[PDB]
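K.L.:
This is the structure I have questions about; it appears just below.
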Amino acid sequence: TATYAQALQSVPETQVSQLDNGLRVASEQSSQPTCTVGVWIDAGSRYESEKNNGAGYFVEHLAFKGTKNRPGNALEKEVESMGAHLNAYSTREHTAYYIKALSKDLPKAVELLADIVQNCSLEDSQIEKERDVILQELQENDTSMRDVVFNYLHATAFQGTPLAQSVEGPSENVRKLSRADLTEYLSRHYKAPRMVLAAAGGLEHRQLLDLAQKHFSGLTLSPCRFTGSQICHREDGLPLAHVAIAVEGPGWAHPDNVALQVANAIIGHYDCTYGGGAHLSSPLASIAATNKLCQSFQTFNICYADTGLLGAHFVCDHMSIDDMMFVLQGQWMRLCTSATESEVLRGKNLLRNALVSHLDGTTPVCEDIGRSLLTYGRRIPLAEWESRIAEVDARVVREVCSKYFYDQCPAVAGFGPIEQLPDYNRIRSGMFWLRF
Amino acid sequence: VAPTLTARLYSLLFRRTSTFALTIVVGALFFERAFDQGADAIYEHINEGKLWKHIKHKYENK
Amino acid sequence: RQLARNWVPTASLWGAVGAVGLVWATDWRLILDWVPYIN
């Protein structure tokens, strides 16, 4: 049946296989007519040099412009022949190439895919075309303020590290960019073991690995500095002013990463548009709906390899900024001391739900593996996560937050019309309570 | 490798502001007891036999 | 409920503070010498 305890038990397990040249193989059988076929690569900007900045990004567009065996636009005209959707995306710490398809024609898929991974048509026809679009887009990118401030955010904490740099990289490089340097980075980091392969669907493990089928896969990092600081772009014309505030935290692999998953879930989030009103349990969603001290906000977590990011992102009236803050320091600080096991539970349940929730669907299932592999390896400790949940304690959360919050140096990002936002020296004194 | 007393100290005391406040009075107490006791010697070291403390011994209780 | 959290140890120090404070003030009880207090 479906019973939460038993519900953990029966799942198609993590599968693993390993080829010779460093390629990884892995899978899970969902008993489904379709398969998400995907690839994840750990080559980052944090690898990329100061010219390489944004190049792999530029590269990202290029694969589908045609390849070695398949010149321009002969690539997709086979793809859509099957009717199988196709997509690719990249990230500072990862890049994921993947396919969503019926399990039938997969024998082509990976072979199609394998061609793309390395064999590529590097043709300055596409280059200039793509060189333009990016440049076109580079300027357009000022339209979504969200992404904008984060760029500021990293650079202010991680200054002096390749991690602190634009994903697309600065503009002039893209013009200056030449496809030989690509071929470098093409050759550099697209080797295995850097490469990793997974999939999920009706696919069985060995019927994956057999048709993982002989093609090829392949043949530097530093701990980053953390900057107590501030950045402000003051532009007063705009109606609203985003805010972001955070402190650094543990990397991907680390015990406490889960212990802090809940504190966010507990403190929760608010938005203009909820039907929750003023009776919600989250003090923030109660007040921020009550006096509409903000339009909305949400809290984030991002844990890098060695690093982690805890903080929120809010939007409030140009006269309402201060009061959002003096509230927001309330919640974190009060947790570190006076918190209680009751509210723990309501946080505990949610994260269980959110965990179980995201686990439906081919691609997301497929998608965990790749990062997880590049992160914890094969580990998909599904039922364990539950056991992991049972670990967390009142002291734990307090003792955890005591570390990473009380009397620390926070980072401050801002975007105009900021001006109200108090000076740092307030925020700093505002981190540690005086016992009030 | 051991932490310099600084790394000990905040973790030990300065972290909780109460403690951070608490120690303040504590040493301040022992401070003055010792502190004033030193300067007077220095003071009376400077002035020798100008004070009854030195002088009055000549005639004190005969 | 009533769960009195770290406030309990917190407060524990506080009373001690100004108690010492009044002791530090002048008070009445001497304070067995314990490092020199003048005769």
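Each chain of the structure tokens is named A, B, ... in the order shown, its residues numbered from 1; ligands are numbered from 1 in display order.
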Which residues of chain B come within 9 Å of chain C, and what is each one's closest atom pair and distance in Å (one decimal), counting only C-alpha atoms, sorted by chain and residue number, as a Markdown table?
P.N.:
| residue | atom | partner | partner_atom | distance |
| --- | --- | --- | --- | --- |
| B:16 | CA | C:10 | CA | 8.8 |
| B:18 | CA | C:13 | CA | 6.9 |
| B:19 | CA | C:13 | CA | 7.6 |
| B:21 | CA | C:17 | CA | 8.4 |
| B:22 | CA | C:17 | CA | 6.2 |
| B:25 | CA | C:21 | CA | 7.4 |
| B:26 | CA | C:20 | CA | 8.3 |
| B:29 | CA | C:24 | CA | 6.9 |
| B:30 | CA | C:35 | CA | 7.6 |
| B:33 | CA | C:36 | CA | 6.5 |
| B:34 | CA | C:36 | CA | 7.2 |
| B:37 | CA | C:36 | CA | 8.3 |
K.L.:
So that I have them on file, write out the residues from the current selection with C-alpha atoms, as an mmCIF file, in the first residue's frame.
P.N.:
data_model
loop_
_atom_site.group_PDB
_atom_site.id
_atom_site.type_symbol
_atom_site.label_atom_id
_atom_site.label_comp_id
_atom_site.auth_asym_id
_atom_site.auth_seq_id
_atom_site.Cartn_x
_atom_site.Cartn_y
_atom_site.Cartn_z
ATOM 1 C CA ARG B 16 27.333 36.247 25.239
ATOM 2 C CA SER B 18 26.025 39.358 29.511
ATOM 3 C CA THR B 19 29.312 37.569 30.130
ATOM 4 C CA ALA B 21 29.332 42.677 30.349
ATOM 5 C CA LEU B 22 29.866 40.461 33.375
ATOM 6 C CA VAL B 25 32.862 44.675 36.608
ATOM 7 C CA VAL B 26 34.874 41.672 37.731
ATOM 8 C CA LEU B 29 37.087 45.315 41.018
ATOM 9 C CA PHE B 30 40.450 43.559 41.331
ATOM 10 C CA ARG B 33 42.368 47.186 44.626
ATOM 11 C CA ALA B 34 45.755 46.640 43.003
ATOM 12 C CA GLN B 37 47.904 50.383 45.785
#
K.L.:
With chain C as the partner and 10 Å as the cut-off, tabulate the residues of chain A that qualify, each row holding the nearest pair of atoms and their distance in Å to one decimal, using only C-alpha atoms, sorted by chain and rising number, as JSON lines.
P.N.:
{"residue": "A:336", "atom": "CA", "partner": "C:6", "partner_atom": "CA", "distance": 9.5}
{"residue": "A:337", "atom": "CA", "partner": "C:6", "partner_atom": "CA", "distance": 6.0}
{"residue": "A:338", "atom": "CA", "partner": "C:5", "partner_atom": "CA", "distance": 5.5}
{"residue": "A:339", "atom": "CA", "partner": "C:5", "partner_atom": "CA", "distance": 7.6}
{"residue": "A:340", "atom": "CA", "partner": "C:3", "partner_atom": "CA", "distance": 7.7}
{"residue": "A:341", "atom": "CA", "partner": "C:3", "partner_atom": "CA", "distance": 9.6}
{"residue": "A:435", "atom": "CA", "partner": "C:10", "partner_atom": "CA", "distance": 8.6}
K.L.:
When you draw a straight line from atom CA of residue 105 of chain A to atom CA of residue 79 of chain A, how long is it in Å?
P.N.:
10.3 Å
K.L.:
With a distance threshold of 9 Å and counting only C-alpha atoms, extract the residues of chain A near chain B and express them as a compact mmCIF listing (two decimals) with N, CA and C atoms, in the first residue's frame.
P.N.:
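The resulting file, out.txt, is shown below:
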# COMPACT_ATOMS: atom_id res chain seq x y z
N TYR A 406 24.45 34.53 15.08
CA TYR A 406 24.73 35.42 16.18
C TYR A 406 26.09 36.06 16.00
N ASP A 407 26.11 37.39 16.05
CA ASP A 407 27.33 38.17 15.99
C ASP A 407 28.22 37.71 14.83
N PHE A 432 23.78 41.23 16.65
CA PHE A 432 23.77 40.70 18.00
C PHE A 432 22.75 41.49 18.78
N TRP A 433 21.82 40.79 19.43
CA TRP A 433 20.98 41.46 20.40
C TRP A 433 21.80 41.95 21.57
N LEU A 434 21.26 42.93 22.27
CA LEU A 434 21.78 43.35 23.55
C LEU A 434 21.12 42.58 24.68
N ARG A 435 20.38 41.53 24.34
CA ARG A 435 19.36 40.80 25.09
C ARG A 435 17.99 41.40 24.86
K.L.:
Quick one: everything within 9 Å of segment 370-375 of chain A, counting only C-alpha atoms, minus sequence neighbours fewer than 4 positions away in the same chain. Send it as a ChimeraX atom specification.
P.N.:
/A:24,38-42,94,96,194,196-199,252-253,305,366,379-380
K.L.:
What does the file look like for those residues with C-alpha atoms, as a CSV table (one decimal), in the first residue's frame?
P.N.:
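File written: selection_20.csv
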chain,number,residue,atom,x,y,z
A,24,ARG,CA,29.8,7.3,-14.8
A,38,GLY,CA,20.6,13.7,-19.4
A,39,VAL,CA,24.2,14.7,-18.7
A,40,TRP,CA,25.8,16.8,-15.9
A,41,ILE,CA,29.2,18.4,-16.0
A,42,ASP,CA,31.0,20.1,-13.1
A,94,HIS,CA,27.3,22.7,-13.1
A,96,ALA,CA,23.3,19.9,-17.6
A,194,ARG,CA,34.3,15.2,-15.0
A,196,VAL,CA,28.6,12.0,-15.7
A,197,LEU,CA,25.6,10.3,-17.2
A,198,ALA,CA,22.3,9.2,-15.7
A,199,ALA,CA,18.7,8.6,-16.8
A,252,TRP,CA,27.3,20.9,-0.3
A,253,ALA,CA,28.6,18.1,1.7
A,305,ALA,CA,31.0,22.8,-2.9
A,366,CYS,CA,16.7,11.9,-13.5
A,379,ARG,CA,23.8,8.9,-2.8
A,380,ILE,CA,20.0,9.2,-3.1
K.L.:
From the DSSP assignment of the backbone, select every residue of chain C that is helix (DSSP H, G or I), and format the answer as a PyMOL selection string.
P.N.:
chain C and resi 7-25
K.L.:
Can I get the selection written as a JSON list (two decimals), in the first residue's frame, with N, CA, C and O atoms?
P.N.:
[["chain", "number", "residue", "atom", "x", "y", "z"],
["C", 7, "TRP", "N", 16.86, 32.20, 28.24],
["C", 7, "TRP", "CA", 16.53, 33.26, 29.19],
["C", 7, "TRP", "C", 16.84, 32.84, 30.61],
["C", 7, "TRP", "O", 17.31, 33.65, 31.41],
["C", 8, "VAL", "N", 16.58, 31.58, 30.94],
["C", 8, "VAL", "CA", 16.81, 31.11, 32.30],
["C", 8, "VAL", "C", 18.28, 31.32, 32.62],
["C", 8, "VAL", "O", 18.59, 32.15, 33.49],
["C", 9, "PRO", "N", 19.23, 30.68, 31.93],
["C", 9, "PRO", "CA", 20.64, 30.96, 32.24],
["C", 9, "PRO", "C", 21.00, 32.41, 32.02],
["C", 9, "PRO", "O", 21.81, 32.96, 32.78],
["C", 10, "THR", "N", 20.43, 33.04, 31.01],
["C", 10, "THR", "CA", 20.66, 34.45, 30.76],
["C", 10, "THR", "C", 20.38, 35.23, 32.02],
["C", 10, "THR", "O", 21.29, 35.80, 32.63],
["C", 11, "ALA", "N", 19.11, 35.23, 32.43],
["C", 11, "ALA", "CA", 18.71, 35.92, 33.65],
["C", 11, "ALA", "C", 19.61, 35.53, 34.81],
["C", 11, "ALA", "O", 19.95, 36.38, 35.64],
["C", 12, "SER", "N", 20.01, 34.27, 34.86],
["C", 12, "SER", "CA", 20.85, 33.81, 35.96],
["C", 12, "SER", "C", 22.03, 34.74, 36.16],
["C", 12, "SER", "O", 22.34, 35.15, 37.28],
["C", 13, "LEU", "N", 22.69, 35.12, 35.07],
["C", 13, "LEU", "CA", 23.83, 36.02, 35.18],
["C", 13, "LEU", "C", 23.39, 37.39, 35.66],
["C", 13, "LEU", "O", 24.06, 38.03, 36.47],
["C", 14, "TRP", "N", 22.25, 37.86, 35.16],
["C", 14, "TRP", "CA", 21.89, 39.25, 35.32],
["C", 14, "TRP", "C", 21.83, 39.65, 36.78],
["C", 14, "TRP", "O", 22.53, 40.57, 37.21],
["C", 15, "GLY", "N", 21.00, 38.96, 37.56],
["C", 15, "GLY", "CA", 20.94, 39.27, 38.97],
["C", 15, "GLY", "C", 22.32, 39.34, 39.59],
["C", 15, "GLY", "O", 22.64, 40.28, 40.32],
["C", 16, "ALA", "N", 23.17, 38.37, 39.26],
["C", 16, "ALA", "CA", 24.54, 38.40, 39.73],
["C", 16, "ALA", "C", 25.24, 39.70, 39.37],
["C", 16, "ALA", "O", 26.08, 40.17, 40.15],
["C", 17, "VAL", "N", 24.90, 40.30, 38.24],
["C", 17, "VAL", "CA", 25.61, 41.49, 37.80],
["C", 17, "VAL", "C", 25.52, 42.58, 38.85],
["C", 17, "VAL", "O", 26.48, 42.85, 39.58],
["C", 18, "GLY", "N", 24.36, 43.20, 38.98],
["C", 18, "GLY", "CA", 24.25, 44.38, 39.81],
["C", 18, "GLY", "C", 24.35, 44.07, 41.28],
["C", 18, "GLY", "O", 24.68, 44.95, 42.08],
["C", 19, "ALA", "N", 24.03, 42.84, 41.66],
["C", 19, "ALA", "CA", 24.36, 42.40, 43.00],
["C", 19, "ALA", "C", 25.83, 42.68, 43.26],
["C", 19, "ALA", "O", 26.19, 43.40, 44.19],
["C", 20, "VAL", "N", 26.68, 42.14, 42.39],
["C", 20, "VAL", "CA", 28.07, 42.56, 42.38],
["C", 20, "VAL", "C", 28.15, 44.07, 42.27],
["C", 20, "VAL", "O", 28.97, 44.72, 42.94],
["C", 21, "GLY", "N", 27.30, 44.66, 41.45],
["C", 21, "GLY", "CA", 27.29, 46.09, 41.27],
["C", 21, "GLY", "C", 27.13, 46.81, 42.58],
["C", 21, "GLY", "O", 27.98, 47.62, 42.95],
["C", 22, "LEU", "N", 26.06, 46.52, 43.32],
["C", 22, "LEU", "CA", 25.92, 47.13, 44.63],
["C", 22, "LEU", "C", 27.11, 46.76, 45.50],
["C", 22, "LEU", "O", 27.65, 47.60, 46.23],
["C", 23, "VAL", "N", 27.54, 45.51, 45.43],
["C", 23, "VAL", "CA", 28.78, 45.15, 46.10],
["C", 23, "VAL", "C", 29.90, 46.03, 45.59],
["C", 23, "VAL", "O", 30.63, 46.66, 46.36],
["C", 24, "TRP", "N", 30.02, 46.13, 44.26],
["C", 24, "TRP", "CA", 30.99, 47.06, 43.70],
["C", 24, "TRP", "C", 30.70, 48.48, 44.17],
["C", 24, "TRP", "O", 31.62, 49.28, 44.33],
["C", 25, "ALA", "N", 29.43, 48.80, 44.40],
["C", 25, "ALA", "CA", 29.08, 50.17, 44.77],
["C", 25, "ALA", "C", 29.79, 50.61, 46.03],
["C", 25, "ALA", "O", 30.77, 51.37, 45.97]]
K.L.:
Could you tell me how far atom CA of residue 227 of chain A lies from atom CA of residue 248 of chain A, in Å and to one decimal?
P.N.:
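Atom CA of residue 248 of chain A lies 9.3 Å from atom CA of residue 227 of chain A.
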K.L.:
At a cut-off of 12 Å, using only C-alpha atoms, what residues contact segment 413-420 of chain A? Leave out same-chain residues fewer than 2 positions from it and give the result as JSON, numbers by chain.
P.N.:
{"A": [142, 145, 146, 147, 148, 149, 150, 151, 152, 153, 154, 155, 156, 157, 227, 228, 229, 230, 231, 232, 233, 234, 235, 236, 237, 238, 239, 240, 241, 242, 243, 244, 245, 246, 247, 311, 312, 313, 314, 315, 316, 317, 318, 319, 320, 321, 322, 323, 324, 325, 410, 411, 422, 423, 424]}
K.L.:
May I have the residues within 12 Å of residue 299 of chain A as a compact mmCIF listing (two decimals) with N, CA, C and O atoms, in the first residue's frame, using only C-alpha atoms and disregarding those fewer than 3 positions away in the same chain?
P.N.:
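Below is the file selection-v1.txt, written as the result:
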# COMPACT_ATOMS: atom_id res chain seq x y z
N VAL A 243 15.98 44.02 -2.33
CA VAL A 243 17.01 43.88 -1.32
C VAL A 243 17.41 42.42 -1.27
O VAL A 243 16.61 41.53 -1.52
N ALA A 244 18.68 42.19 -0.99
CA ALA A 244 19.18 40.87 -0.65
C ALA A 244 20.16 41.03 0.49
O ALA A 244 20.93 41.98 0.52
N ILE A 245 20.10 40.10 1.44
CA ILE A 245 21.01 40.06 2.58
C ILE A 245 21.27 38.61 2.94
O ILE A 245 20.36 37.78 2.89
N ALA A 246 22.52 38.29 3.26
CA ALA A 246 22.89 36.91 3.51
C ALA A 246 24.18 36.83 4.31
O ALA A 246 24.90 37.82 4.47
N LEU A 260 19.78 23.32 8.75
CA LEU A 260 19.31 24.66 8.46
C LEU A 260 18.25 24.68 7.38
O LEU A 260 17.74 25.75 7.04
N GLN A 261 17.92 23.52 6.81
CA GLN A 261 16.84 23.50 5.84
C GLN A 261 15.54 23.94 6.47
O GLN A 261 14.71 24.58 5.82
N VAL A 262 15.35 23.61 7.74
CA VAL A 262 14.05 23.82 8.36
C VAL A 262 13.88 25.26 8.82
O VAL A 262 12.81 25.85 8.66
N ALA A 263 14.93 25.84 9.42
CA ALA A 263 14.83 27.20 9.94
C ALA A 263 14.25 28.14 8.89
O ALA A 263 13.35 28.94 9.18
N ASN A 264 14.75 28.05 7.66
CA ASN A 264 14.10 28.75 6.57
C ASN A 264 12.64 28.36 6.40
O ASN A 264 11.77 29.23 6.46
N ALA A 265 12.36 27.07 6.20
CA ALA A 265 10.98 26.64 6.09
C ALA A 265 10.13 27.18 7.23
O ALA A 265 9.00 27.61 7.00
N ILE A 266 10.67 27.21 8.45
CA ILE A 266 9.90 27.73 9.57
C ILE A 266 9.65 29.21 9.41
O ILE A 266 8.50 29.67 9.43
N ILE A 267 10.71 30.00 9.24
CA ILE A 267 10.52 31.44 9.09
C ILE A 267 9.72 31.74 7.83
O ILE A 267 9.06 32.78 7.74
N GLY A 268 9.74 30.83 6.87
CA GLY A 268 8.83 30.92 5.75
C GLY A 268 9.02 32.16 4.90
O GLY A 268 10.09 32.74 4.82
N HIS A 269 7.92 32.56 4.26
CA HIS A 269 7.96 33.61 3.25
C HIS A 269 6.58 34.21 3.06
O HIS A 269 5.57 33.62 3.46
N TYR A 270 6.54 35.39 2.44
CA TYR A 270 5.29 36.09 2.18
C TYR A 270 5.27 36.68 0.78
O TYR A 270 6.32 36.92 0.18
N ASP A 271 4.07 36.90 0.26
CA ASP A 271 3.86 37.55 -1.03
C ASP A 271 2.55 38.31 -1.00
O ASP A 271 1.63 37.98 -0.26
N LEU A 284 6.37 36.58 9.80
CA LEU A 284 6.55 37.41 8.63
C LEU A 284 5.32 37.48 7.74
O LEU A 284 4.80 38.58 7.51
N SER A 296 6.66 41.38 -1.21
CA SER A 296 6.85 39.95 -1.05
C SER A 296 8.28 39.71 -0.64
O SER A 296 9.14 40.56 -0.82
N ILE A 302 21.68 28.47 -0.88
CA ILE A 302 22.57 27.93 -1.90
C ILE A 302 23.85 27.50 -1.23
O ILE A 302 24.58 28.33 -0.68
N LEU A 309 24.91 29.60 1.26
CA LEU A 309 24.32 30.93 1.28
C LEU A 309 22.95 30.91 1.91
O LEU A 309 22.03 30.26 1.41
N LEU A 310 22.81 31.65 2.99
CA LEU A 310 21.57 31.74 3.73
C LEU A 310 21.16 33.20 3.83
O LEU A 310 21.95 34.03 4.30
N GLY A 311 19.95 33.50 3.41
CA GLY A 311 19.44 34.85 3.49
C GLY A 311 18.16 34.95 2.70
O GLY A 311 17.69 33.98 2.10
N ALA A 312 17.61 36.14 2.69
CA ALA A 312 16.34 36.36 2.03
C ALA A 312 16.47 37.43 0.96
O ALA A 312 17.49 38.09 0.80
N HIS A 313 15.38 37.59 0.23
CA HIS A 313 15.26 38.57 -0.84
C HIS A 313 13.89 39.20 -0.73
O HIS A 313 12.90 38.50 -0.93
N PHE A 314 13.82 40.50 -0.47
CA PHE A 314 12.51 41.10 -0.30
C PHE A 314 12.36 42.35 -1.13
O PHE A 314 13.34 42.91 -1.62
N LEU A 328 12.99 41.66 10.26
CA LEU A 328 13.64 40.45 9.79
C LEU A 328 14.75 40.02 10.74
O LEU A 328 14.95 38.82 10.97
N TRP A 332 15.39 35.82 12.92
CA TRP A 332 16.62 35.06 13.07
C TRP A 332 17.08 35.09 14.50
O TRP A 332 17.26 34.04 15.13
K.L.:
When you look at residue 272 of chain A with a cut-off of 8 Å (counting only C-alpha atoms), what residues show up, excluding the ones that are within fewer than 5 positions of it in the same chain? I need them as a PyMOL selection string.
P.N.:
chain A and resi 289+292+295-296
K.L.:
With N, CA and C atoms retained, export the selected residues as a PDB file, in the first residue's frame.
P.N.:
ATOM      1  N   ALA A 289       1.730  40.703   5.510  1.00  0.00           N
ATOM      2  CA  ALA A 289       0.378  40.894   4.998  1.00  0.00           C
ATOM      3  C   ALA A 289      -0.374  41.948   5.792  1.00  0.00           C
ATOM      4  N   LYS A 292       1.561  45.227   5.247  1.00  0.00           N
ATOM      5  CA  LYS A 292       2.140  45.161   3.901  1.00  0.00           C
ATOM      6  C   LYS A 292       3.515  45.810   3.858  1.00  0.00           C
ATOM      7  N   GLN A 295       6.190  44.117  -0.431  1.00  0.00           N
ATOM      8  CA  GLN A 295       5.385  43.420  -1.419  1.00  0.00           C
ATOM      9  C   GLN A 295       5.456  41.925  -1.183  1.00  0.00           C
ATOM     10  N   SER A 296       6.660  41.375  -1.210  1.00  0.00           N
ATOM     11  CA  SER A 296       6.846  39.950  -1.045  1.00  0.00           C
ATOM     12  C   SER A 296       8.279  39.705  -0.636  1.00  0.00           C
TER      13      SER A 296
END
K.L.:
Near residue 45 of chain A, counting only C-alpha atoms, which residues have an atom at most 9 Å away, once you skip same-chain residues fewer than 2 positions from it, shown as a PyMOL selection string?
P.N.:
chain A and resi 43+47-49+52-57+91-93+162-163+165-167+169
K.L.:
Residues as selected, N, CA, C and O atoms, written as a PDB file, in the first residue's frame, can you do that?
P.N.:
ATOM      1  N   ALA A  43      32.187  21.371 -14.831  1.00  0.00           N
ATOM      2  CA  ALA A  43      33.075  22.434 -15.275  1.00  0.00           C
ATOM      3  C   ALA A  43      32.371  23.763 -15.059  1.00  0.00           C
ATOM      4  O   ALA A  43      31.311  24.016 -15.640  1.00  0.00           O
ATOM      5  N   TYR A  47      36.189  27.307 -12.627  1.00  0.00           N
ATOM      6  CA  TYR A  47      37.321  26.868 -13.426  1.00  0.00           C
ATOM      7  C   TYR A  47      37.727  27.931 -14.440  1.00  0.00           C
ATOM      8  O   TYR A  47      38.924  28.152 -14.657  1.00  0.00           O
ATOM      9  N   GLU A  48      36.754  28.602 -15.058  1.00  0.00           N
ATOM     10  CA  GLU A  48      37.042  29.465 -16.195  1.00  0.00           C
ATOM     11  C   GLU A  48      37.956  30.621 -15.802  1.00  0.00           C
ATOM     12  O   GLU A  48      37.858  31.197 -14.717  1.00  0.00           O
ATOM     13  N   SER A  49      38.852  30.961 -16.720  1.00  0.00           N
ATOM     14  CA  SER A  49      39.842  32.004 -16.520  1.00  0.00           C
ATOM     15  C   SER A  49      39.183  33.363 -16.676  1.00  0.00           C
ATOM     16  O   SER A  49      37.960  33.478 -16.781  1.00  0.00           O
ATOM     17  N   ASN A  52      38.203  33.165 -20.244  1.00  0.00           N
ATOM     18  CA  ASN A  52      37.195  32.123 -20.376  1.00  0.00           C
ATOM     19  C   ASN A  52      35.863  32.531 -19.772  1.00  0.00           C
ATOM     20  O   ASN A  52      34.866  31.834 -19.982  1.00  0.00           O
ATOM     21  N   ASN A  53      35.828  33.640 -19.041  1.00  0.00           N
ATOM     22  CA  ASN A  53      34.618  34.071 -18.374  1.00  0.00           C
ATOM     23  C   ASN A  53      33.494  34.222 -19.388  1.00  0.00           C
ATOM     24  O   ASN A  53      33.624  34.944 -20.378  1.00  0.00           O
ATOM     25  N   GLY A  54      32.390  33.522 -19.142  1.00  0.00           N
ATOM     26  CA  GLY A  54      31.252  33.535 -20.027  1.00  0.00           C
ATOM     27  C   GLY A  54      31.411  32.736 -21.302  1.00  0.00           C
ATOM     28  O   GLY A  54      30.447  32.615 -22.065  1.00  0.00           O
ATOM     29  N   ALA A  55      32.595  32.192 -21.562  1.00  0.00           N
ATOM     30  CA  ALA A  55      32.787  31.473 -22.813  1.00  0.00           C
ATOM     31  C   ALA A  55      31.934  30.217 -22.854  1.00  0.00           C
ATOM     32  O   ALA A  55      31.152  30.022 -23.790  1.00  0.00           O
ATOM     33  N   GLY A  56      32.071  29.358 -21.851  1.00  0.00           N
ATOM     34  CA  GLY A  56      31.275  28.154 -21.774  1.00  0.00           C
ATOM     35  C   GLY A  56      29.812  28.497 -21.885  1.00  0.00           C
ATOM     36  O   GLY A  56      29.035  27.788 -22.533  1.00  0.00           O
ATOM     37  N   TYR A  57      29.433  29.607 -21.255  1.00  0.00           N
ATOM     38  CA  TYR A  57      28.107  30.152 -21.484  1.00  0.00           C
ATOM     39  C   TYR A  57      27.857  30.376 -22.962  1.00  0.00           C
ATOM     40  O   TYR A  57      26.868  29.879 -23.508  1.00  0.00           O
ATOM     41  N   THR A  91      25.243  26.368 -15.292  1.00  0.00           N
ATOM     42  CA  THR A  91      25.244  26.979 -13.973  1.00  0.00           C
ATOM     43  C   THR A  91      26.694  27.205 -13.576  1.00  0.00           C
ATOM     44  O   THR A  91      27.611  26.669 -14.198  1.00  0.00           O
ATOM     45  N   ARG A  92      26.895  28.024 -12.544  1.00  0.00           N
ATOM     46  CA  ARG A  92      28.256  28.302 -12.104  1.00  0.00           C
ATOM     47  C   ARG A  92      28.980  27.025 -11.705  1.00  0.00           C
ATOM     48  O   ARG A  92      30.150  26.832 -12.050  1.00  0.00           O
ATOM     49  N   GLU A  93      28.317  26.145 -10.976  1.00  0.00           N
ATOM     50  CA  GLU A  93      28.956  24.912 -10.556  1.00  0.00           C
ATOM     51  C   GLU A  93      28.626  23.708 -11.416  1.00  0.00           C
ATOM     52  O   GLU A  93      29.219  22.647 -11.206  1.00  0.00           O
ATOM     53  N   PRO A 162      37.197  33.234  -8.601  1.00  0.00           N
ATOM     54  CA  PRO A 162      36.486  33.033  -9.865  1.00  0.00           C
ATOM     55  C   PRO A 162      35.019  32.791  -9.658  1.00  0.00           C
ATOM     56  O   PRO A 162      34.234  32.944 -10.595  1.00  0.00           O
ATOM     57  N   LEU A 163      34.624  32.389  -8.462  1.00  0.00           N
ATOM     58  CA  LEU A 163      33.224  32.175  -8.154  1.00  0.00           C
ATOM     59  C   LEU A 163      32.432  33.468  -8.140  1.00  0.00           C
ATOM     60  O   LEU A 163      31.219  33.442  -8.369  1.00  0.00           O
ATOM     61  N   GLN A 165      32.200  35.833 -10.214  1.00  0.00           N
ATOM     62  CA  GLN A 165      32.185  36.494 -11.508  1.00  0.00           C
ATOM     63  C   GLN A 165      30.930  36.149 -12.296  1.00  0.00           C
ATOM     64  O   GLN A 165      30.296  35.111 -12.087  1.00  0.00           O
ATOM     65  N   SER A 166      30.577  37.065 -13.198  1.00  0.00           N
ATOM     66  CA  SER A 166      29.419  36.900 -14.061  1.00  0.00           C
ATOM     67  C   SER A 166      29.436  35.546 -14.749  1.00  0.00           C
ATOM     68  O   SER A 166      30.467  35.081 -15.232  1.00  0.00           O
ATOM     69  N   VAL A 167      28.271  34.907 -14.780  1.00  0.00           N
ATOM     70  CA  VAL A 167      28.140  33.654 -15.511  1.00  0.00           C
ATOM     71  C   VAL A 167      28.364  33.897 -16.994  1.00  0.00           C
ATOM     72  O   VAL A 167      29.226  33.276 -17.622  1.00  0.00           O
ATOM     73  N   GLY A 169      29.772  36.338 -18.034  1.00  0.00           N
ATOM     74  CA  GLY A 169      31.020  37.038 -18.110  1.00  0.00           C
ATOM     75  C   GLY A 169      30.824  38.445 -18.613  1.00  0.00           C
ATOM     76  O   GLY A 169      29.772  38.803 -19.153  1.00  0.00           O
TER      77      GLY A 169
END
